[PDB]
Amino acid sequence: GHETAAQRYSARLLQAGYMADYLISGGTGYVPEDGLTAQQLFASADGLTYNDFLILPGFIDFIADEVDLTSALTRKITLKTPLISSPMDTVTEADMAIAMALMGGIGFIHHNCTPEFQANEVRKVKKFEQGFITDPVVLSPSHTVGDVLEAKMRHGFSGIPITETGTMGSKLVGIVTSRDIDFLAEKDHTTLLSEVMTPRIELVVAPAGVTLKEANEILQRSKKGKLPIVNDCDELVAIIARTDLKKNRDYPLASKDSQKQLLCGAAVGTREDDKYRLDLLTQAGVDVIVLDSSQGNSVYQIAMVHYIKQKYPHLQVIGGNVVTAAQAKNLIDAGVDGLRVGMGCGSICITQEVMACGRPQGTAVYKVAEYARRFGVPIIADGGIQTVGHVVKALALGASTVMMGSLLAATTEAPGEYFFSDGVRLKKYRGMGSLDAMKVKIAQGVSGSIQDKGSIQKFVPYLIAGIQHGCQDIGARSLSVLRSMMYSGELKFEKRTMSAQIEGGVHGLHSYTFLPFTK
Amino acid sequence: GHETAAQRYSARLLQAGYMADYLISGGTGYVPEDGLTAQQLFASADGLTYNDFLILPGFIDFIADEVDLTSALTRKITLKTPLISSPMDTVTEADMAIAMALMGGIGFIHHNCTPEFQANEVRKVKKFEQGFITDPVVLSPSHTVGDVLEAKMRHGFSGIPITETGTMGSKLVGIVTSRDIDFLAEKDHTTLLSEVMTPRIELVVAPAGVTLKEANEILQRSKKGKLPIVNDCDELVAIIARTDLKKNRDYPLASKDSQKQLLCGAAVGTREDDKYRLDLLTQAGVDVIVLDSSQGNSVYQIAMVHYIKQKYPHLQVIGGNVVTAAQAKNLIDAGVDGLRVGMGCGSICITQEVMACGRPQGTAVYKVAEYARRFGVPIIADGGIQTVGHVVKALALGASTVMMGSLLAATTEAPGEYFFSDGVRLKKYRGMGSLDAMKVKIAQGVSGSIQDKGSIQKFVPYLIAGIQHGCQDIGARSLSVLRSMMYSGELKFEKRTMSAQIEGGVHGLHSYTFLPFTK
Amino acid sequence: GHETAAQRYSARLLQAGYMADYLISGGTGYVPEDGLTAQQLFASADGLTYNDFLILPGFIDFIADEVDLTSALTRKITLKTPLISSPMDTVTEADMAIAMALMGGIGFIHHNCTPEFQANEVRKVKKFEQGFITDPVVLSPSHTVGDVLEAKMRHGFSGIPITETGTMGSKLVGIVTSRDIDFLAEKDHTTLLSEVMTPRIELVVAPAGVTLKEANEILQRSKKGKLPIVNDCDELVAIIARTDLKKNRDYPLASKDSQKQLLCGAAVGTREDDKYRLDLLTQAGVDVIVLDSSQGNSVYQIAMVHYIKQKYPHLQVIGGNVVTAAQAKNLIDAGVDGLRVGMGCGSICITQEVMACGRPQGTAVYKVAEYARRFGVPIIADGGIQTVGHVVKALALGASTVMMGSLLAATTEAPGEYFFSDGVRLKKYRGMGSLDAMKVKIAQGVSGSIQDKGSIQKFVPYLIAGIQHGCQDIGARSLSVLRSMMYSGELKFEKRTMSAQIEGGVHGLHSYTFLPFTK
Ligand SMILES: NC(=O)c1ccc[n+]([C@@H]2O[C@H](COP(=O)([O-])OP(=O)(O)OC[C@H]3O[C@@H](n4cnc5c(N)ncnc54)[C@H](O)[C@@H]3O)[C@@H](O)[C@H]2O)c1
Ligand SMILES: NC(=O)c1ccc[n+]([C@@H]2O[C@H](COP(=O)([O-])OP(=O)(O)OC[C@H]3O[C@@H](n4cnc5c(N)ncnc54)[C@H](O)[C@@H]3O)[C@@H](O)[C@H]2O)c1
Ligand SMILES: NC(=O)c1ccc[n+]([C@@H]2O[C@H](COP(=O)([O-])OP(=O)(O)OC[C@H]3O[C@@H](n4cnc5c(N)ncnc54)[C@H](O)[C@@H]3O)[C@@H](O)[C@H]2O)c1
Ligand SMILES: Nc1nc2c(ncn2[C@@H]2O[C@H](COP(=O)(O)OP(=O)(O)OP(=O)(O)O)[C@@H](O)[C@H]2O)c(=O)[nH]1
Ligand SMILES: Nc1nc2c(ncn2[C@@H]2O[C@H](COP(=O)(O)OP(=O)(O)OP(=O)(O)O)[C@@H](O)[C@H]2O)c(=O)[nH]1
Ligand SMILES: Nc1nc2c(ncn2[C@@H]2O[C@H](COP(=O)(O)OP(=O)(O)OP(=O)(O)O)[C@@H](O)[C@H]2O)c(=O)[nH]1
Ligand SMILES: Nc1nc2c(ncn2[C@@H]2O[C@H](COP(=O)(O)OP(=O)(O)OP(=O)(O)O)[C@@H](O)[C@H]2O)c(=O)[nH]1
Ligand SMILES: Nc1nc2c(ncn2[C@@H]2O[C@H](COP(=O)(O)OP(=O)(O)OP(=O)(O)O)[C@@H](O)[C@H]2O)c(=O)[nH]1
Ligand SMILES: Nc1nc2c(ncn2[C@@H]2O[C@H](COP(=O)(O)OP(=O)(O)OP(=O)(O)O)[C@@H](O)[C@H]2O)c(=O)[nH]1
Ligand SMILES: Nc1ncnc2c1ncn2[C@@H]1O[C@H](COP(=O)(O)OP(=O)(O)OP(=O)(O)O)[C@@H](O)[C@H]1O
Ligand SMILES: Nc1ncnc2c1ncn2[C@@H]1O[C@H](COP(=O)(O)OP(=O)(O)OP(=O)(O)O)[C@@H](O)[C@H]1O
Ligand SMILES: Nc1ncnc2c1ncn2[C@@H]1O[C@H](COP(=O)(O)OP(=O)(O)OP(=O)(O)O)[C@@H](O)[C@H]1O
Ligand SMILES: O=c1[nH]cnc2c1ncn2[C@@H]1O[C@H](COP(=O)(O)O)[C@@H](O)[C@H]1O
Ligand SMILES: O=c1[nH]cnc2c1ncn2[C@@H]1O[C@H](COP(=O)(O)O)[C@@H](O)[C@H]1O
Ligand SMILES: O=c1[nH]cnc2c1ncn2[C@@H]1O[C@H](COP(=O)(O)O)[C@@H](O)[C@H]1O
């Protein structure tokens, strides 16, 4: 479980110089009751959003850096950070999904594209970091230096083993890399690869049947960039690459599978066409699926959940969008591994004033997460996240992970180009029901634009530090402890009037210019 | 000289199927006279700035890519691009001066710092790209792997040759790079370098007395990252690095000296302390000096020019902001190698409303350049450059090179950090007389801010393409040809009314959003 | 006469190592001709104001601090600084007129008050600093301590010699100062002054007929605060105070008469009642008069000039507001000692759009000053002064002194109270024809308000440094040299288009925040 502020304070006193007290209660020391429990905050029957309340501070006995951010994404997937990139076309193709998985989150690739385009973007994510490279790019020695330059420009790899037949079943005859084609003149599409390859007699190679770690130490001490792995009959089984040891060293939080590939999610719809799409995504090695709709409690979605679970039984599935326990029930009972929570919140959205449907997002996260914990199901809080305070609030109210759109939009890894809208660098960010990119055909999104924020690799550690410092002022050692304090009634809340929201902001200053983080 | 639009058109006709005409004039064909000559434009005796006139289009017989942008900076320095970074604290330290020299321009490092700080920033520029590295980092084999990690942390160089003294006056015992320290655990500051160095029996080395091209080919075919150069007694004379062959390939315009180091300029003032400062800068290998002032026609500046030309007679000197021929005369006669032109123009200025002094910048560039060409002296047009049209206008009016402040400010290579003030990503940009960074002490600058523009290496090729397309539309094959057409009276101009400046902008559109450049 | 930039440069060359040239011209060296002469700038026959032109920079061979700002106010009055405070009720009563005279300018007290109020404000200016105090506060010994406190609260003078009769026509019996009444409790209005005065046997005194300097040395070595001056029969002739030696040390520019009193001016109108008002002002010891009217070329003003000159022939008179040489003629011919120049310029003014009359102020200063110098008459440039650049321009065009309203308004010495208008400290500033203060009775001014600027004693040295630095970039060693360069054609001007005025200011910065001066 977790240890109370009174228990922690009592323990820190017992570690220093400064009786019948244990017999009166014991462990349950006196704390004066102040603020509201989450049960009491939401018993009000009013629509509260992240701006309408505050979390009261606790007792601190740890540094903010010791705060554990480990989170369940689904019944079976754990991420080292609570952060998810939202499956939108102006947010997340492979560049974003790689950057999020490296920083210890995940991305879900968007589906405003062909099945083959989406499966190729998933395949680009899964190939970025590797244990054994088991389907390497291979060439026959009868190819040309111009074919190595073409391969480098088509895939992006220079380290190409050369086997007789030209596949990973033939016999190894050499390797080509950058430093044996890099200096070559315009005689590229004439010089045969046998003229440039480092020949198989020169190679450091390892016998096939070595663990990844044994092979890593062999590669590591060889001082080479590639190590070929070869069976008894001297045939190319796999390669490994020293840049993947560097990627490991460079990114200590990265979300990886057992093959040391980055985790990737993808979106699909609930149409009959989405089954073929799902077949290609599972061939591409996708780790988790979001089903993707305004209103997830439907016969169409409940059918698609049952199909995915009958066909790919090891695959993880997240339920659509829900905002009530009555919606969450039918999807949990259909057998989803997580739920996405939010309807009409989201910076680009107009669904509440178009459809009349939605819910205030603080209430929705609390009500759906409180229902879902009864079955062990994780919640994603989706949309309305404008600040690190909204992330800490979403997590404190019972969300396991937080999904962001506009906060990750106009980073360098978000799709498209900047275009300098109106005296500001200012990138495009749209919404998936925008009618800008998809019978009267009603819009539910608004095609806006967002200020430049630079790289995800510089912006996500600012989110992580803000979440850890928020947990420290609360007195929570981890996100699991934070949610345990909330369901126990130890975590206390205060409501805000309008003037309380105003005094929480910046007041009657003339000029105002905050710098977010400095490194 | 150059060939005229009539001559070019007549030659293009002679190349195709489509008499006594040559005898009437010959070569000088009829063109109807339209617009003004530059001498007529400025004979008006009104203060014209870059917005108050236009250049009329010519005859096109070449592609916008064939346009030669080569420019004289001084009597003896030529740059492959007309572009200079202004010596200001919020614009140009070594990161900017490296980026500008790589893209074929130059930077002048600012002097709002100590003599040792400025000479160290010059030394960082000169060390970034190298022919023979003659003063490499060297260690003795009695040093420890923790010293190599410290040398990487302090200097930035992974590849350290090892000699028995630990200096380049000694026999080479081997080499240490990253791939023989990169995997090491916390036993770094105990393990000796003799346990990790690739010994001199394993090395590829070349005999001292090779040319740089011979040494390049030896290094290149060796496939190693370093080649040590050694004398007859096996002592380390120099090293070369394949990193510099890559830098060369990657940056085809880069402004370099005979030692293959980047060119760097620096600023100094006209005080007695600037004599010592100049000595450190010349020890650091500075290529050119700006004497830096609001008003360069002074006894103090004319003394400093004579001092520099007596003490360092091979150093290049630029005269320090003149706007009249009468000012330019005394500095040209004192023996400067170029002039900086502009006074109280420049985005951060208040000099004209504080001092009453200045001149309108189109007029000043024309008057000073037309006087300076009589003596063969190049002009830098400085300040007021808001657009690529202002660059093309400055160059057409007789400037050899253009110096920019605010246009290069708030790039990634400009000094300082971004601070997200008011829904805009901004960087700090001030002016050198701004009283925010330096007797009543009057201000001449204003401490503003500028919006983010990303990297110089992405923004300067936009300037280059805009300058070449501007030349193509004019009908000029090079910037020398453009200035030759101007002094000959072939290049034609039109004055603009206020309404003409309005119709040259964007009109009564409701929304408006231009993408500057795409690829 | 002045010495030319060519002559100065040639002299600086003769001071260092760096023939027939003197014979070709001699002293008149070659300078390339650039810009316009003032004669040529105004020959254009368009209305130029201070914003429509610039002064071209010269040759510098002195530091900006060597610049002499000495100026003629009238035919017979000289001030150590060109600066005058404008006779308006929101600008100049005695506090402002003292502060301006101390910083080496002058103030003219306003006449929107009673004759006795104006003469009392003049008397407050004249009493602030003193040589011999010839009419001191004197009390008789039959008086109380309560009388000494009432005198201190009615005049402000704590040091009171005690003579028998209680007037200067009597024997001295002691002195009372603050230090021998300050500790007394509230039993004040009982105790006789003979109980508290330092008696005449204890006093250091000097014999009548000592010069002011001899008396200064006696007071100085005595270490006392006062020195009484006494005749041979031991009667009180005068006192002097060490406070005035401190004031003298503290204000080295202060505008003083031969009795070491500050200079003061006053306004009067041209009604019959102004004849009585003038008699009180001359009894108060006023130094100079303004005749204060929108249009000074009137039969009423020419009558009042002849009256003042026939009655008070030693008094200095400034003719009213003129903008043409044809107006200036009839007032110079009536016998004025200076002229005020400007009509409809002035920040609070509406005369041009109400009356159709006025003139552009650059043209008016030039045309009136060029006419007035033929007779040796000084010009005051009045109104439209927004910057130190406008002061330098007005002086360069031929004004001897500059008179300011809105620039001195909302200082601490300007009349009235601050009242914090709209989130800014913001004081009132009205105009004298404003109908806010005073048959349809037409308004000619606009009852506005101005930002706080602190003390005149902190703001006028900023003006002085700005004027001196402006003269230095022009190459003028004094204001007389600046006007000599202008009438000779050595001083050169450039006109400004609209875009030229725009590039002289601050450009497309996002934020902008200049600090005027730092001390
Ligand atoms: N969460 C929100 O607040 C919200 C609101 C609007 C849109 N969106 C987003 O925009 C996108 C579009 O959402 P959507 O709800 O319009 O997509 P959707 O395809 O789920 O629903 C659109 C319509 O198609 C119907 N439909 C779906 N599957 C069907 C099937 N098999 N047979 C017949 N009809 C079927 C639905 O009932 C609905 O009427 C998604 O990316 C979604 O996440 C989100
Ligand atoms: N070009 C412009 O329009 C412009 C205008 C204002 C300021 N600036 C910039 O701001 C900075 C400061 O310019 P500045 O003109 O104030 O610097 P500066 O050092 O040239 O001049 C400052 C003052 O010191 C004096 N001075 C200079 N050397 C002297 C010496 N040896 N002995 C005595 N006095 C001496 C000058 O005459 C001047 O009064 C520079 O970076 C300059 O480029 C540029
Ligand atoms: N300088 C300016 O541009 C300007 C413009 C308007 C007002 N003011 C100021 O307003 C204040 C009021 O003065 P004013 O400008 O109204 O002019 P004013 O008070 O001198 O005269 C007002 C009117 O009365 C007339 N008048 C003056 N003396 C007269 C006499 N003896 N007999 C008969 N008629 C006589 C004038 O001709 C005019 O019509 C002054 O402080 C003046 O300087 C200044
Ligand atoms: N060479 C190679 N690398 C692959 C392949 N599939 C994935 N990769 C990844 O691509 C990277 C290797 O790129 P290379 O071009 O071979 O050369 P490198 O020096 O190892 O990597 P860089 O430093 O990025 O150039 C590693 O991160 C591999 O995991 C493949 O078929 N061949
Ligand atoms: N070749 C290769 N080896 C890896 C990779 N990631 C981990 N390993 C190896 O497996 C070991 C696993 O230990 P860690 O590095 O602590 O755990 P990790 O989660 O796999 O990797 P990190 O992302 O660095 O935490 C490493 O020491 C490496 O030897 C990878 O991408 N490629
Ligand atoms: N080691 C080394 N060799 C260089 C460097 N720059 C040029 N060289 C070599 O010197 C020769 C110069 O030819 P270029 O490269 O065509 O001309 P460059 O002006 O020196 O370099 P570019 O900037 O590429 O034009 C070639 O053999 C280059 O490989 C450098 O930084 N380091
Ligand atoms: N090794 C080394 N490089 C130097 C030195 N002075 C300048 N350099 C430059 O530093 C750069 C990188 O040096 P290294 O770290 O040794 O070589 P590198 O491994 O190719 O550099 P990266 O690939 O960028 O890590 C080259 O461009 C050299 O020209 C020096 O003393 N030693
Ligand atoms: N008591 C007295 N003596 C003064 C005063 N002003 C000047 N003096 C004296 O008269 C002599 C004048 O010398 P300065 O003070 O250098 O010249 P100044 O022109 O009178 O005054 P400044 O312009 O203020 O320097 C000195 O002996 C002064 O001490 C004053 O207000 N009171
Ligand atoms: N005492 C006195 N000072 C006068 C008189 N008329 C003008 N003053 C001026 O007022 C100042 C002297 O004021 P005091 O009240 O005597 O006191 P103080 O000696 O200045 O001492 P503090 O006011 O405390 O600095 C000097 O500058 C005098 O020139 C007068 O009748 N008596
Ligand atoms: N396992 C190996 N055994 C022997 N030689 C190898 C092996 N792997 C690569 N080589 C050779 O080593 C040299 C360097 O290749 P490596 O992969 O280490 O660097 P690279 O990626 O090509 O160089 P760089 O990083 O500078 O671009 C090449 O000549 C290559 O053919
Ligand atoms: N001239 C040389 N002769 C022989 N071996 C060398 C030579 N120069 C470097 N080495 C050795 O070759 C190996 C690779 O070094 P190299 O400089 O080529 O790559 P690196 O820059 O260290 O590799 P990386 O780019 O991956 O960081 C190291 O073990 C190094 O000690
Ligand atoms: N000429 C003089 N000879 C002798 N005593 C004097 C003379 N002038 C003043 N005194 C006496 O000297 C003492 C100090 O006088 P002073 O004028 O310096 O006092 P003050 O101005 O009130 O002092 P403070 O500046 O501290 O307030 C008083 O007791 C005063 O009566
Ligand atoms: O067009 C749309 N209409 C309605 N909701 C949308 C639309 N597109 C995406 N969303 C939701 O908006 C969320 C992102 O919200 P944001 O982080 O506040 O910008 C997504 O994850 C979706 O749940
Ligand atoms: O404080 C200052 N006042 C006036 N001119 C300055 C100041 N600092 C720099 N400058 C000039 O401003 C130029 C840059 O102008 P910009 O490119 O328009 O932003 C510089 O190269 C200098 O000549
Ligand atoms: O009410 C008014 N109407 C017209 N002109 C005025 C009025 N009051 C003062 N002035 C003029 O305005 C000048 C001050 O102008 P300023 O310095 O620009 O504010 C004064 O010296 C007068 O000449």
# chains A, B, ... in the order shown; residues from 1 in each chain; ligands from 1
>>> residues_around(residues="residue 412 in chain C", least_positions_apart="4", cutoff="10 Å", atoms="only C-alpha atoms", output="list in words")
residues 95, 96, 408, 416, 417, 418, 427, 452, 453, 454, 455, 456 and 457 of chain C
>>> write_last_selection(atoms="N, CA and C atoms", output="PDB file, in the first residue's frame")
ATOM      1  N   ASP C  95       8.815  76.998  -7.812  1.00  0.00           N
ATOM      2  CA  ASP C  95       9.593  75.768  -7.614  1.00  0.00           C
ATOM      3  C   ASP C  95      10.336  75.353  -8.893  1.00  0.00           C
ATOM      4  N   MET C  96       9.646  75.440 -10.029  1.00  0.00           N
ATOM      5  CA  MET C  96      10.193  75.202 -11.355  1.00  0.00           C
ATOM      6  C   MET C  96      11.198  76.278 -11.746  1.00  0.00           C
ATOM      7  N   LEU C 408       8.800  69.552 -19.604  1.00  0.00           N
ATOM      8  CA  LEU C 408       8.989  69.900 -18.194  1.00  0.00           C
ATOM      9  C   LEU C 408       7.732  69.652 -17.348  1.00  0.00           C
ATOM     10  N   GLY C 416       0.801  71.526  -9.181  1.00  0.00           N
ATOM     11  CA  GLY C 416      -0.312  70.581  -9.008  1.00  0.00           C
ATOM     12  C   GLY C 416       0.072  69.216  -8.429  1.00  0.00           C
ATOM     13  N   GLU C 417      -0.848  68.254  -8.502  1.00  0.00           N
ATOM     14  CA  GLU C 417      -0.755  66.916  -7.886  1.00  0.00           C
ATOM     15  C   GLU C 417      -0.979  65.786  -8.910  1.00  0.00           C
ATOM     16  N   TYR C 418      -0.420  64.596  -8.666  1.00  0.00           N
ATOM     17  CA  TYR C 418      -0.293  63.537  -9.682  1.00  0.00           C
ATOM     18  C   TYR C 418      -1.577  62.790 -10.072  1.00  0.00           C
ATOM     19  N   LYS C 427       0.262  63.218 -14.428  1.00  0.00           N
ATOM     20  CA  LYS C 427      -0.111  64.600 -14.006  1.00  0.00           C
ATOM     21  C   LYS C 427      -0.857  65.416 -15.095  1.00  0.00           C
ATOM     22  N   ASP C 452       4.612  61.109 -15.469  1.00  0.00           N
ATOM     23  CA  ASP C 452       5.613  61.500 -14.468  1.00  0.00           C
ATOM     24  C   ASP C 452       7.059  61.263 -14.951  1.00  0.00           C
ATOM     25  N   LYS C 453       7.952  62.222 -14.686  1.00  0.00           N
ATOM     26  CA  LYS C 453       9.376  62.196 -15.054  1.00  0.00           C
ATOM     27  C   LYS C 453      10.333  62.521 -13.899  1.00  0.00           C
ATOM     28  N   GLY C 454       9.858  62.621 -12.660  1.00  0.00           N
ATOM     29  CA  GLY C 454      10.731  62.905 -11.516  1.00  0.00           C
ATOM     30  C   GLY C 454      11.232  64.350 -11.479  1.00  0.00           C
ATOM     31  N   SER C 455      12.405  64.602 -10.900  1.00  0.00           N
ATOM     32  CA  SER C 455      12.905  65.966 -10.692  1.00  0.00           C
ATOM     33  C   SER C 455      13.581  66.578 -11.918  1.00  0.00           C
ATOM     34  N   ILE C 456      13.377  67.879 -12.127  1.00  0.00           N
ATOM     35  CA  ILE C 456      14.153  68.717 -13.048  1.00  0.00           C
ATOM     36  C   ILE C 456      15.651  68.544 -12.825  1.00  0.00           C
ATOM     37  N   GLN C 457      16.116  68.460 -11.586  1.00  0.00           N
ATOM     38  CA  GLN C 457      17.539  68.310 -11.301  1.00  0.00           C
ATOM     39  C   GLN C 457      18.111  66.953 -11.742  1.00  0.00           C
TER      40      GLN C 457
END
>>> residues_near_ligand(ligand="ligand 11", cutoff="8 Å", atoms="only C-alpha atoms and all ligand atoms", output="PyMOL selection string")
(chain A and resi 223-225+242-243) or (chain B and resi 158-159+174-180+197-198+202-205+219+222-228+241)
>>> select_by_dssp(residues="range 110-227 of chain B", states="helix (DSSP H, G or I)", output="MDAnalysis selection string")
chainID B and resid 115:127 145:154 178:180 193:195 212:222
>>> residues_around(residues="residue 143 in chain B", least_positions_apart="6", cutoff="10 Å", atoms="only C-alpha atoms", output="ChimeraX atom specification")
/B:162,166,189-194
>>> write_last_selection(atoms="N, CA, C and O atoms", output="compact mmCIF listing (two decimals), in the first residue's frame")
# COMPACT_ATOMS: atom_id res chain seq x y z
N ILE B 162 48.74 9.89 -28.38
CA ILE B 162 49.48 9.66 -27.14
C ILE B 162 50.98 9.63 -27.43
O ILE B 162 51.44 8.79 -28.21
N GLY B 166 53.59 13.42 -23.59
CA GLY B 166 52.25 13.99 -23.68
C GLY B 166 52.18 15.32 -24.44
O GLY B 166 51.28 16.11 -24.20
N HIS B 189 38.87 7.11 -13.93
CA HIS B 189 39.98 7.87 -13.32
C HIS B 189 40.97 6.99 -12.52
O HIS B 189 41.54 7.41 -11.52
N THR B 190 41.15 5.74 -12.95
CA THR B 190 42.14 4.79 -12.42
C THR B 190 42.85 4.05 -13.55
O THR B 190 44.07 3.87 -13.49
N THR B 191 42.14 3.65 -14.60
CA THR B 191 42.70 2.93 -15.76
C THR B 191 43.67 3.83 -16.52
O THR B 191 43.30 4.93 -16.90
N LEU B 192 44.92 3.41 -16.76
CA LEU B 192 45.89 4.21 -17.51
C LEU B 192 45.62 4.18 -19.02
O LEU B 192 45.12 3.19 -19.54
N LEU B 193 46.00 5.24 -19.75
CA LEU B 193 45.78 5.30 -21.20
C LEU B 193 46.57 4.25 -21.99
O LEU B 193 46.12 3.83 -23.06
N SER B 194 47.68 3.75 -21.46
CA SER B 194 48.41 2.61 -22.04
C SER B 194 47.57 1.33 -22.13
O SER B 194 47.79 0.51 -23.01
>>> residues_near_ligand(ligand="ligand 7", cutoff="6 Å", atoms="only C-alpha atoms and all ligand atoms", output="NGL selection string")
:B and (127-130 or 133 or 136-137 or 157-160 or 241 or 243-244)
>>> interface_residues(of="chain A", to="chain C", cutoff="10 Å", atoms="only C-alpha atoms", output="number ranges by chain")
A: 423, 508, 510-511
>>> write_last_selection(atoms="N, CA, C and O atoms", output="short mmCIF file (atom, residue, chain, number, x, y, z; two decimals), in the first residue's frame")
data_model
loop_
_atom_site.label_atom_id
_atom_site.label_comp_id
_atom_site.auth_asym_id
_atom_site.auth_seq_id
_atom_site.Cartn_x
_atom_site.Cartn_y
_atom_site.Cartn_z
N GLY A 423 3.31 37.06 -38.43
CA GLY A 423 4.43 37.59 -37.65
C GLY A 423 4.89 36.68 -36.49
O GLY A 423 5.51 37.15 -35.55
N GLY A 508 -2.10 42.25 -11.89
CA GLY A 508 -1.90 43.59 -12.46
C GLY A 508 -0.44 44.02 -12.69
O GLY A 508 -0.09 45.16 -12.40
N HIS A 510 2.36 45.17 -15.46
CA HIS A 510 2.27 45.85 -16.76
C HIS A 510 2.81 44.96 -17.89
O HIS A 510 2.05 44.47 -18.72
N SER A 511 4.12 44.71 -17.89
CA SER A 511 4.76 43.67 -18.70
C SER A 511 4.73 42.33 -17.96
O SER A 511 4.63 42.30 -16.73
#
>>> residues_near_ligand(ligand="ligand 3", cutoff="9 Å", atoms="only C-alpha atoms and all ligand atoms", output="PyMOL selection string")
chain C and resi 87-88+110-112+267-272+291-296+298-301+303-304+320-322+340-346+349-352+358+382-383+431-434+438+443-445
>>> atom_distance(atom1="atom 1 (O, counted along the ligand's line) of ligand 15", atom2="CA of residue 109 in chain C")
15.9 Å
>>> residues_around(residues="residue 463 in chain A", least_positions_apart="2", cutoff="12 Å", atoms="only C-alpha atoms", output="ChimeraX atom specification")
/A:69,81-84,103-105,385-392,402,404,407-408,456-461,465-470,516-517
>>> write_last_selection(atoms="C-alpha atoms", output="tab-separated table (two decimals), in the first residue's frame")
chain	number	residue	atom	x	y	z
A	69	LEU	CA	6.40	8.23	-12.88
A	81	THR	CA	6.31	8.08	-18.09
A	82	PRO	CA	2.54	8.91	-18.18
A	83	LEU	CA	2.62	10.65	-21.61
A	84	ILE	CA	0.85	9.67	-24.86
A	103	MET	CA	11.41	9.81	-23.97
A	104	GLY	CA	9.52	6.96	-22.15
A	105	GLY	CA	5.95	7.65	-23.42
A	385	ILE	CA	-4.29	19.52	-21.26
A	386	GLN	CA	-2.89	23.09	-21.54
A	387	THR	CA	-0.30	23.01	-18.66
A	388	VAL	CA	1.72	20.59	-16.48
A	389	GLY	CA	-0.80	21.44	-13.69
A	390	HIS	CA	-3.57	19.87	-15.83
A	391	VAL	CA	-1.38	16.71	-16.16
A	392	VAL	CA	-0.83	16.49	-12.36
A	402	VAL	CA	-2.50	11.48	-20.26
A	404	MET	CA	-2.07	15.28	-25.63
A	407	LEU	CA	0.53	20.51	-26.45
A	408	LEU	CA	2.63	18.30	-28.83
A	456	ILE	CA	9.83	16.71	-28.18
A	457	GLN	CA	13.22	15.63	-26.74
A	458	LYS	CA	13.52	19.12	-25.13
A	459	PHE	CA	9.84	19.66	-24.23
A	460	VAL	CA	8.98	16.28	-22.63
A	461	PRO	CA	11.65	16.49	-19.91
A	465	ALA	CA	10.11	17.72	-14.20
A	466	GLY	CA	6.82	19.63	-13.75
A	467	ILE	CA	4.93	16.38	-12.91
A	468	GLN	CA	7.65	15.30	-10.43
A	469	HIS	CA	7.68	18.71	-8.69
A	470	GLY	CA	3.84	18.68	-8.56
A	516	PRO	CA	9.34	27.97	-18.87
A	517	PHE	CA	12.57	25.99	-18.12
